[PDB]
Amino acid sequence: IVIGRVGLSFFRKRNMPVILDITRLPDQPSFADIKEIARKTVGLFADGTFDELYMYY
Amino acid sequence: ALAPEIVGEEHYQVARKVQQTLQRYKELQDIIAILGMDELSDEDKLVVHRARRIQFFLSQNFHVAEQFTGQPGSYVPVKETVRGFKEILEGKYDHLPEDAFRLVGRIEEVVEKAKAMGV
Amino acid sequence: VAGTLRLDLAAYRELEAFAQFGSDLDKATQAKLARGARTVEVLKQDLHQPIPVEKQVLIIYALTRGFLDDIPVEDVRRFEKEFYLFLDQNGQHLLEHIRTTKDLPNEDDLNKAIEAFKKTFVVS
Amino acid sequence: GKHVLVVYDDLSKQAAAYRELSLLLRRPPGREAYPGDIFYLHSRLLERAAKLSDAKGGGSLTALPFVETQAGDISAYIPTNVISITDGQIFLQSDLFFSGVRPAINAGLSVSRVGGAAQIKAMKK
Amino acid sequence: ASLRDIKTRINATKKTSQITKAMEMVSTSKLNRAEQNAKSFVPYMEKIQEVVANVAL
Amino acid sequence: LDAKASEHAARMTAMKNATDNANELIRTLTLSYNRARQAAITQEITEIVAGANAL
């Protein structure tokens, strides 16, 4: 799961399995800006799609 | 002879606007070559987009240059060229590829060339 | 009025590189950019049409006192032309005062005349 | 009535030689110490290559003058003098040469003033 | 290099320098705003951390 | 939020470095321009005088 079009382009050029992205975020984002993406990410853990979360920043 | 009372107000305004756009485009090249096109504002991006098409549309195929171009030349009346440049400035042809504007003549020839190119 | 005009123009020239970043309203210096743009519009002039010194003084006074701050920069030339016509019609006392004493008229009278013209000007 | 090909392997070297002769003969110099008629020298030489008419026998002479530039400066005095005379030029660049493209012809700066008429019909097409 | 070429390079570099200086100052203001925005988030994070530590353990 | 702060700080530092490098380049280019200007003036004046006293 990638936040940012530069990382999106990186992974697309290296042909990697990206499933989610936001690609457009304000300079001073609020919680409502990433509420949906965070909700989907945490839901995918309980959904059984994958059993581990690592995050890099 | 480029005065409002000689060529007409519309001709004068179109010519001055074309010159202003090209002059603005000249200044943008220095910073484009360093920082890329992505860092420009939306107004500067539109300026570049229209200036490239204007510069290509200033080209023409001459009758005496068949030995160099491979195609017959064209003759363009001043009313036609004024109207074509006015339409380009207004943005009627922003969706056309910029290579379709090279060495054509009238503005309808740009549309025909782009149609042949498959747009 | 010339000192204020020069200060505004110099401040604009110093901040010209920030014009692209004012599009998202990054800070409150954008008033200087707007004033400089209007100053540049005011200083333009056509061929073989010199302006009398009293009219030049009045238009520069209007610019530097903020009366053009709500006129779009695309309308400043037409504003100046219509203002000169309005002056010829109604501000003859102000023009005569400037011509005779070489000094500005009363500030209140100038403000009243400018506002009277401004409520009749129509923004394009 | 024959056809001739002539190659001058360096015109800049006779330009230097003519400058040397002119200075030794006490003729006052001009730009870059070159004599006044440095253009006339090369124009007089190169105007004698031509394609004769049918009444003159139809023979031809064609010329390939050479000019060596310094650091790729095509806008120097002698290079511009020679360019203003001939019917086109082929410009070779070191940066193209090392980037892998050989014979390294710069298409933007090269031109032929006879182009098209000097080609087979198929090649023209 | 000729005088014209050197003069063109000088002017281009001056324009680039002005643009970069403006970008630096804009980024400085944005960094200040981002720091205060991050500061405004601390109490909620502290509260939820304390609640989770109390309950889940 | 941490990432956004890091990004803004990184942009500020990078643009500061770019501005400093551009200023240094401007200085060196101006020095070379002045040398070329002086050399030119010397060359034309020498050629003029050589032609003049060649007569």
# chains A, B, ... in the order shown; residues from 1 in each chain; ligands from 1

call {"tool": "residues_around", "arguments": {"residues": "range 8-23 of chain C", "least_positions_apart": "3", "cutoff": "8 Å", "atoms": "only C-alpha atoms", "output": "list in words"}}
result
residues 41 of chain B; 4, 5, 26, 27, 30, 32, 33, 35, 36, 37, 39 and 40 of chain C; 18, 19, 22 and 26 of chain E

call {"tool": "write_last_selection", "arguments": {"atoms": "C-alpha atoms", "output": "PDB file, in the first residue's frame"}}
result
ATOM      1  CA  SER B  41       2.171  26.587 -12.189  1.00  0.00           C
TER       2      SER B  41
ATOM      3  CA  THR C   4       5.006  55.814  -2.244  1.00  0.00           C
ATOM      4  CA  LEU C   5       4.867  54.827  -5.917  1.00  0.00           C
ATOM      5  CA  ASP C  26       0.771  30.995   1.253  1.00  0.00           C
ATOM      6  CA  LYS C  27       1.124  34.286   3.158  1.00  0.00           C
ATOM      7  CA  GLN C  30       0.327  39.005  -1.572  1.00  0.00           C
ATOM      8  CA  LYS C  32       2.364  43.788  -2.207  1.00  0.00           C
ATOM      9  CA  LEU C  33       2.127  41.608  -5.320  1.00  0.00           C
ATOM     10  CA  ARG C  35      -0.258  46.518  -5.600  1.00  0.00           C
ATOM     11  CA  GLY C  36       2.774  46.011  -7.832  1.00  0.00           C
ATOM     12  CA  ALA C  37       0.679  44.481 -10.593  1.00  0.00           C
ATOM     13  CA  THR C  39       1.264  49.856 -10.488  1.00  0.00           C
ATOM     14  CA  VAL C  40       2.697  48.211 -13.601  1.00  0.00           C
TER      15      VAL C  40
ATOM     16  CA  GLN E  18      15.805  33.207  -7.417  1.00  0.00           C
ATOM     17  CA  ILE E  19      13.296  30.387  -7.921  1.00  0.00           C
ATOM     18  CA  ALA E  22      11.628  31.346  -3.058  1.00  0.00           C
ATOM     19  CA  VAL E  26       7.984  28.635   1.212  1.00  0.00           C
TER      20      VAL E  26
END

call {"tool": "closest_atom_pairs", "arguments": {"of": "chain F", "to": "range 33-54 of chain E", "cutoff": "8 Å", "atoms": "only C-alpha atoms", "output": "Markdown table"}}
result
| residue | atom | partner | partner_atom | distance |
| --- | --- | --- | --- | --- |
| F:1 | CA | E:38 | CA | 5.8 |
| F:2 | CA | E:38 | CA | 7.1 |
| F:4 | CA | E:34 | CA | 6.9 |
| F:5 | CA | E:34 | CA | 5.4 |
| F:8 | CA | E:34 | CA | 8.0 |

call {"tool": "select_by_dssp", "arguments": {"residues": "range 8-109 of chain B", "states": "alpha helix (DSSP H)", "output": "PyMOL selection string"}}
result
chain B and resi 9-35+42-57+66-69+78-90+107-109

call {"tool": "residues_around", "arguments": {"residues": "range 48-59 of chain B", "least_positions_apart": "5", "cutoff": "8 Å", "atoms": "only C-alpha atoms", "output": "tab-separated table (two decimals) with N, CA, C and O atoms, in the first residue's frame"}}
result
chain	number	residue	atom	x	y	z
B	18	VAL	N	0.28	37.25	-29.43
B	18	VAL	CA	1.20	36.20	-29.84
B	18	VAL	C	2.61	36.52	-29.38
B	18	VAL	O	3.33	35.66	-28.86
B	21	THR	N	2.94	35.98	-25.62
B	21	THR	CA	3.01	34.56	-25.28
B	21	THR	C	4.39	33.99	-25.58
B	21	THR	O	4.97	33.26	-24.77
B	22	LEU	N	4.94	34.32	-26.75
B	22	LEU	CA	6.25	33.79	-27.11
B	22	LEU	C	7.34	34.34	-26.20
B	22	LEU	O	8.26	33.60	-25.80
B	25	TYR	N	7.19	32.46	-23.03
B	25	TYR	CA	7.74	31.12	-23.21
B	25	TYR	C	9.26	31.14	-23.21
B	25	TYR	O	9.90	30.20	-22.73
B	85	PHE	N	-4.68	32.08	-35.84
B	85	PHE	CA	-3.93	32.37	-34.63
B	85	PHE	C	-4.84	32.80	-33.49
B	85	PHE	O	-4.58	32.48	-32.33
B	88	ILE	N	-6.19	29.59	-32.06
B	88	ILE	CA	-5.18	28.91	-31.26
B	88	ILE	C	-5.01	29.59	-29.91
B	88	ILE	O	-4.89	28.93	-28.88
B	89	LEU	N	-4.98	30.93	-29.90
B	89	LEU	CA	-4.87	31.65	-28.63
B	89	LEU	C	-6.07	31.38	-27.73
B	89	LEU	O	-5.90	31.21	-26.52
B	91	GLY	N	-7.73	28.71	-27.65
B	91	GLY	CA	-7.65	27.34	-27.18
B	91	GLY	C	-8.56	26.36	-27.87
B	91	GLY	O	-8.85	25.30	-27.31
B	94	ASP	N	-6.46	22.90	-28.38
B	94	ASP	CA	-5.54	22.43	-27.35
B	94	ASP	C	-5.34	20.93	-27.39
B	94	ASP	O	-4.27	20.44	-27.01
B	98	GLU	N	1.04	18.48	-31.12
B	98	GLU	CA	1.79	19.65	-31.56
B	98	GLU	C	2.55	19.40	-32.85
B	98	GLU	O	2.92	20.35	-33.54
B	99	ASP	N	2.78	18.14	-33.20
B	99	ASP	CA	3.45	17.85	-34.47
B	99	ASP	C	2.53	18.07	-35.66
B	99	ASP	O	3.03	18.19	-36.79
B	101	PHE	N	0.99	20.69	-36.34
B	101	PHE	CA	1.04	22.10	-36.71
B	101	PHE	C	2.23	22.45	-37.60
B	101	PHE	O	2.37	23.62	-37.97
B	102	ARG	N	3.07	21.48	-37.96
B	102	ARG	CA	4.30	21.79	-38.68
B	102	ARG	C	4.06	21.85	-40.18
B	102	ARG	O	3.58	20.88	-40.78
B	103	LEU	N	4.41	22.99	-40.78
B	103	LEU	CA	4.50	23.13	-42.24
B	103	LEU	C	3.20	22.77	-42.94
B	103	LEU	O	3.15	21.83	-43.74
B	104	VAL	N	2.13	23.52	-42.66
B	104	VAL	CA	0.82	23.18	-43.18
B	104	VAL	C	0.17	24.30	-44.00
B	104	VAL	O	-0.25	24.04	-45.13
B	105	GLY	N	0.07	25.51	-43.48
B	105	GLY	CA	-0.69	26.56	-44.15
B	105	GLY	C	-1.91	26.96	-43.33
B	105	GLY	O	-1.77	27.47	-42.23

call {"tool": "atom_distance", "arguments": {"atom1": "CA of residue 9 in chain D", "atom2": "CA of residue 66 in chain D"}}
result
5.3 Å

call {"tool": "interface_residues", "arguments": {"of": "chain F", "to": "chain E", "cutoff": "10 Å", "atoms": "only C-alpha atoms", "output": "NGL selection string"}}
result
:F and (1-23 or 25-30 or 32-37 or 40)

call {"tool": "residues_around", "arguments": {"residues": "residue 38 in chain D", "least_positions_apart": "4", "cutoff": "9 Å", "atoms": "only C-alpha atoms", "output": "JSON, numbers by chain"}}
result
{"D": [15, 18, 19, 34, 42, 43, 78, 81]}

call {"tool": "write_last_selection", "arguments": {"atoms": "C-alpha atoms", "output": "mmCIF file, in the first residue's frame"}}
result
data_model
loop_
_atom_site.group_PDB
_atom_site.id
_atom_site.type_symbol
_atom_site.label_atom_id
_atom_site.label_comp_id
_atom_site.auth_asym_id
_atom_site.auth_seq_id
_atom_site.Cartn_x
_atom_site.Cartn_y
_atom_site.Cartn_z
ATOM 1 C CA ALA D 15 44.328 30.200 -45.713
ATOM 2 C CA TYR D 18 48.202 32.892 -47.948
ATOM 3 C CA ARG D 19 48.202 34.896 -44.718
ATOM 4 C CA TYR D 34 44.193 37.602 -42.423
ATOM 5 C CA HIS D 42 38.249 30.591 -51.744
ATOM 6 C CA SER D 43 35.340 31.962 -53.792
ATOM 7 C CA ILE D 78 37.020 31.058 -42.027
ATOM 8 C CA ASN D 81 33.401 32.284 -45.145
#

call {"tool": "interface_residues", "arguments": {"of": "chain D", "to": "chain B", "cutoff": "9 Å", "atoms": "only C-alpha atoms", "output": "list in words"}}
result
residues 112, 113, 114, 115, 116, 117, 124 and 125 of chain D

call {"tool": "atom_distance", "arguments": {"atom1": "CA of residue 107 in chain B", "atom2": "CA of residue 81 in chain B"}}
result
7.8 Å

call {"tool": "select_by_dssp", "arguments": {"residues": "chain D", "states": "strand (DSSP E or B)", "output": "MDAnalysis selection string"}}
result
chainID D and resid 3:8 51 60:65 88:89 92 105 111:112

call {"tool": "closest_residue", "arguments": {"among": "B:27, B:3, B:17, B:34", "to": "chain F", "atoms": "only C-alpha atoms"}}
result
B:34

call {"tool": "residues_around", "arguments": {"residues": "range 59-71 of chain C", "least_positions_apart": "5", "cutoff": "9 Å", "atoms": "only C-alpha atoms", "output": "PyMOL selection string"}}
result
chain C and resi 1-2+4-5+8+31+34-35+38-39+42+54+76+79-80+83-84+110-111+114-115+118+123

call {"tool": "write_last_selection", "arguments": {"atoms": "N, CA and C atoms", "output": "short mmCIF file (atom, residue, chain, number, x, y, z; two decimals), in the first residue's frame"}}
result
data_model
loop_
_atom_site.label_atom_id
_atom_site.label_comp_id
_atom_site.auth_asym_id
_atom_site.auth_seq_id
_atom_site.Cartn_x
_atom_site.Cartn_y
_atom_site.Cartn_z
N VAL C 1 3.45 61.88 -3.81
CA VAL C 1 2.94 60.56 -4.16
C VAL C 1 4.02 59.71 -4.82
N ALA C 2 5.05 60.37 -5.37
CA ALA C 2 6.09 59.63 -6.07
C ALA C 2 6.86 58.70 -5.15
N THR C 4 5.80 57.02 -2.45
CA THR C 4 5.01 55.81 -2.24
C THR C 4 4.98 54.96 -3.50
N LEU C 5 4.86 55.59 -4.67
CA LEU C 5 4.87 54.83 -5.92
C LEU C 5 6.17 54.05 -6.08
N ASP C 8 6.40 51.08 -3.59
CA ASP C 8 5.57 49.95 -4.01
C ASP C 8 6.20 49.21 -5.18
N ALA C 31 -0.57 41.15 -0.80
CA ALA C 31 -1.02 42.52 -1.01
C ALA C 31 0.02 43.31 -1.79
N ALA C 34 -0.21 42.30 -5.46
CA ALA C 34 -1.36 42.91 -6.12
C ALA C 34 -1.11 44.39 -6.39
N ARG C 35 -0.55 45.10 -5.41
CA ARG C 35 -0.26 46.52 -5.60
C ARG C 35 0.76 46.73 -6.71
N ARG C 38 -0.90 46.28 -10.12
CA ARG C 38 -1.69 47.44 -10.48
C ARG C 38 -0.81 48.64 -10.83
N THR C 39 0.33 48.78 -10.15
CA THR C 39 1.26 49.86 -10.49
C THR C 39 1.80 49.69 -11.90
N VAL C 42 -0.76 50.70 -14.30
CA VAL C 42 -0.96 52.15 -14.35
C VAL C 42 0.13 52.83 -15.18
N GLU C 54 -1.50 67.37 -13.71
CA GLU C 54 -2.53 67.26 -12.68
C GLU C 54 -3.26 65.92 -12.76
N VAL C 76 -7.69 48.18 -15.26
CA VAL C 76 -7.07 49.40 -14.75
C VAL C 76 -6.96 50.46 -15.85
N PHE C 79 -10.28 51.94 -16.40
CA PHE C 79 -10.57 52.76 -15.23
C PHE C 79 -9.90 54.11 -15.33
N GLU C 80 -8.63 54.13 -15.75
CA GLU C 80 -7.90 55.39 -15.86
C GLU C 80 -8.52 56.29 -16.93
N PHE C 83 -11.78 57.59 -15.67
CA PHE C 83 -11.51 58.53 -14.60
C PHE C 83 -11.10 59.89 -15.15
N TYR C 84 -10.29 59.90 -16.21
CA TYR C 84 -9.93 61.17 -16.84
C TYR C 84 -11.16 61.86 -17.41
N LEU C 110 -10.77 65.04 -2.52
CA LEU C 110 -10.27 64.02 -3.44
C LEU C 110 -10.93 62.68 -3.20
N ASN C 111 -11.05 62.28 -1.93
CA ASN C 111 -11.66 61.00 -1.61
C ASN C 111 -13.12 60.96 -2.06
N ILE C 114 -13.24 60.62 -5.89
CA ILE C 114 -12.83 59.29 -6.34
C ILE C 114 -13.93 58.28 -6.06
N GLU C 115 -14.54 58.35 -4.87
CA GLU C 115 -15.62 57.41 -4.55
C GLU C 115 -16.84 57.64 -5.44
N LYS C 118 -16.10 56.02 -8.58
CA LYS C 118 -15.96 54.58 -8.41
C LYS C 118 -17.32 53.90 -8.35
N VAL C 123 -17.30 47.18 -13.53
CA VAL C 123 -16.22 46.22 -13.71
C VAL C 123 -16.56 45.27 -14.85
#

call {"tool": "interface_residues", "arguments": {"of": "chain D", "to": "chain E", "cutoff": "12 Å", "atoms": "only C-alpha atoms", "output": "number ranges by chain"}}
result
D: 70-73, 75-76

call {"tool": "atom_distance", "arguments": {"atom1": "CA of residue 49 in chain D", "atom2": "CA of residue 5 in chain D"}}
result
9.5 Å

call {"tool": "closest_residue", "arguments": {"among": "A:43, A:51, A:56, A:3", "to": "residue 20 in chain A", "atoms": "only C-alpha atoms"}}
result
A:3

call {"tool": "residues_around", "arguments": {"residues": "residue 6 in chain D", "least_positions_apart": "3", "cutoff": "12 Å", "atoms": "only C-alpha atoms", "output": "mmCIF file with N, CA, C and O atoms, in the first residue's frame"}}
result
data_model
loop_
_atom_site.group_PDB
_atom_site.id
_atom_site.type_symbol
_atom_site.label_atom_id
_atom_site.label_comp_id
_atom_site.auth_asym_id
_atom_site.auth_seq_id
_atom_site.Cartn_x
_atom_site.Cartn_y
_atom_site.Cartn_z
ATOM 1 N N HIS D 3 33.512 13.582 -66.264
ATOM 2 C CA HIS D 3 33.060 13.949 -64.930
ATOM 3 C C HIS D 3 34.202 13.770 -63.941
ATOM 4 O O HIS D 3 34.874 12.735 -63.939
ATOM 5 N N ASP D 9 41.892 18.690 -49.186
ATOM 6 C CA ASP D 9 41.906 18.073 -47.866
ATOM 7 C C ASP D 9 41.986 19.079 -46.729
ATOM 8 O O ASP D 9 41.675 18.717 -45.590
ATOM 9 N N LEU D 45 38.458 30.069 -56.114
ATOM 10 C CA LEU D 45 38.765 28.653 -56.289
ATOM 11 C C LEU D 45 37.505 27.833 -56.545
ATOM 12 O O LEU D 45 37.440 27.053 -57.501
ATOM 13 N N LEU D 46 36.484 28.005 -55.705
ATOM 14 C CA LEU D 46 35.353 27.087 -55.708
ATOM 15 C C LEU D 46 34.297 27.417 -56.753
ATOM 16 O O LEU D 46 33.452 26.566 -57.039
ATOM 17 N N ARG D 48 34.779 27.538 -59.812
ATOM 18 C CA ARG D 48 35.132 26.864 -61.053
ATOM 19 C C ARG D 48 34.600 25.439 -61.128
ATOM 20 O O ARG D 48 34.782 24.782 -62.157
ATOM 21 N N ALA D 49 33.960 24.946 -60.073
ATOM 22 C CA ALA D 49 33.268 23.668 -60.129
ATOM 23 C C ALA D 49 31.829 23.890 -60.567
ATOM 24 O O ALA D 49 31.112 24.699 -59.973
ATOM 25 N N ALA D 50 31.402 23.175 -61.603
ATOM 26 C CA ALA D 50 30.097 23.443 -62.187
ATOM 27 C C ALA D 50 29.621 22.236 -62.976
ATOM 28 O O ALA D 50 30.379 21.302 -63.243
ATOM 29 N N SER D 60 31.228 17.831 -66.098
ATOM 30 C CA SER D 60 30.989 18.337 -64.757
ATOM 31 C C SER D 60 32.235 18.172 -63.905
ATOM 32 O O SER D 60 33.043 17.267 -64.123
ATOM 33 N N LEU D 61 32.379 19.063 -62.929
ATOM 34 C CA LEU D 61 33.396 18.958 -61.894
ATOM 35 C C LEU D 61 32.724 19.226 -60.560
ATOM 36 O O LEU D 61 31.972 20.195 -60.428
ATOM 37 N N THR D 62 32.994 18.380 -59.574
ATOM 38 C CA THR D 62 32.361 18.505 -58.272
ATOM 39 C C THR D 62 33.435 18.464 -57.196
ATOM 40 O O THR D 62 34.409 17.717 -57.319
ATOM 41 N N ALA D 63 33.265 19.270 -56.151
ATOM 42 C CA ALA D 63 34.338 19.556 -55.207
ATOM 43 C C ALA D 63 33.919 19.217 -53.787
ATOM 44 O O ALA D 63 32.749 19.367 -53.427
ATOM 45 N N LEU D 64 34.883 18.771 -52.983
ATOM 46 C CA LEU D 64 34.690 18.474 -51.570
ATOM 47 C C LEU D 64 35.723 19.220 -50.734
ATOM 48 O O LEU D 64 36.724 18.627 -50.319
ATOM 49 N N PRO D 65 35.529 20.509 -50.475
ATOM 50 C CA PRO D 65 36.476 21.232 -49.621
ATOM 51 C C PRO D 65 36.381 20.780 -48.172
ATOM 52 O O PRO D 65 35.328 20.343 -47.706
ATOM 53 N N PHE D 66 37.499 20.889 -47.462
ATOM 54 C CA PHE D 66 37.589 20.526 -46.055
ATOM 55 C C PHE D 66 37.911 21.760 -45.229
ATOM 56 O O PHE D 66 38.724 22.593 -45.637
#

call {"tool": "interface_residues", "arguments": {"of": "chain B", "to": "chain E", "cutoff": "12 Å", "atoms": "only C-alpha atoms", "output": "mmCIF file with C-alpha atoms, in the first residue's frame"}}
result
data_model
loop_
_atom_site.group_PDB
_atom_site.id
_atom_site.type_symbol
_atom_site.label_atom_id
_atom_site.label_comp_id
_atom_site.auth_asym_id
_atom_site.auth_seq_id
_atom_site.Cartn_x
_atom_site.Cartn_y
_atom_site.Cartn_z
ATOM 1 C CA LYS B 26 11.319 32.272 -23.813
ATOM 2 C CA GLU B 27 11.823 33.013 -20.111
ATOM 3 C CA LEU B 28 10.378 29.689 -18.955
ATOM 4 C CA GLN B 29 12.926 27.563 -20.828
ATOM 5 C CA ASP B 30 15.810 28.398 -18.485
ATOM 6 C CA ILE B 31 13.968 27.194 -15.388
ATOM 7 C CA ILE B 32 12.348 24.276 -17.223
ATOM 8 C CA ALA B 33 15.736 22.872 -18.234
ATOM 9 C CA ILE B 34 16.738 22.775 -14.548
ATOM 10 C CA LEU B 35 13.630 22.061 -12.465
ATOM 11 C CA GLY B 36 11.480 20.133 -14.956
ATOM 12 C CA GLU B 39 7.220 22.480 -10.935
ATOM 13 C CA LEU B 40 5.493 25.062 -13.138
#
